[PDB]
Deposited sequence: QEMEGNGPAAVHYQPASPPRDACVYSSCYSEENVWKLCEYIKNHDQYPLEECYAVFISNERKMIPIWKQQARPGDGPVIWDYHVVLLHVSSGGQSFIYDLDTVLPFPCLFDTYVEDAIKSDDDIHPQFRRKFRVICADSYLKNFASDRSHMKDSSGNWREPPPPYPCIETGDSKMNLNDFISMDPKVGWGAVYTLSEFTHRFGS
């Protein structure tokens, strides 16, 4: 036997269940934005406890396991993927990934163990980096005109979300500044996988 060294065993989700959330496949940056907006307006949790987390790397090829786009034990290779992180007040973190087959939400350590896995034996050009943006900053600064989702003829590669493009007073398109893992670009903090787990893991 081993006991753990606050637990949040009665943690109340910051969002509705998965199937009740606004969602479009291949627009996880917007799916997470919409979760942030829900949390802002629901007055249950301080928005500052929440973060948008972009996952990508220099070559824009990151494996993520336990993804609904590929059922089974293999990974999806994304150019980037976005999830929501809630650091609950007691210290336990939860990941909200509308594309995972893991629970929604999922304990942070379980998400890292099963969906991310170790980079130790991964070919180095697939290794994962994480850009962590305060949810308040994400709502204030993110903008996407969806121009990255069109084919060479200007038609949609994947059907867009059924509402107007997210824009701010300052920008109509800065998605590349969130996908980038250059800490001199954009908002938030950039972590390697081990830095990310060191910072938020139990």
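- The chain's deposited sequence has one unresolved stretch at 6 to 7, with no C-alpha coordinates there.
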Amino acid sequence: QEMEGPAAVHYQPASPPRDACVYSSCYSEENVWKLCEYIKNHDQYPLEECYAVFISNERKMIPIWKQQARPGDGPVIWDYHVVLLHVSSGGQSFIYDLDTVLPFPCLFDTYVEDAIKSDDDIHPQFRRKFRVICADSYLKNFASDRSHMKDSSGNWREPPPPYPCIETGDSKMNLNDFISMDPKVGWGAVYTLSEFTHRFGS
From here on, numbers count along this sequence of modelled residues.
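Think of the rigid core as the biggest set of C-alphas that the two forms share within 1.5 Å after superposition.
- Farther from the shown form on average, by C-alpha root mean square after a core fit in 4 other deposited structures of this protein, is 7 to 15, of the stretches 176 to 184 and 7 to 15.
- Stretches compared: 115 to 123, 75 to 83. Higher mean C-alpha B-factor in the entry: 115 to 123.
- When 66 to 74 is weighed against 159 to 167, 66 to 74 comes out higher, by mean CA B-factor as recorded in the entry.
- Set against one another, the Cα B-factors of 172, 34, 60, 146 in the record reach their highest point at 172.
- Looking at the C-alpha B-factors along this chain, the one for residue 29 belongs to the lowest third.
- Ranked within its chain, residue 180 lands in the middle third, by CA B factor from the PDB record.
- Per the deposited record, the Cα B-factor of residue 20 falls in the highest third when ranked against the other modelled residues of its chain.
- Sort the modelled residues of the chain by CA B factor and residue 193 lands in the lowest third.
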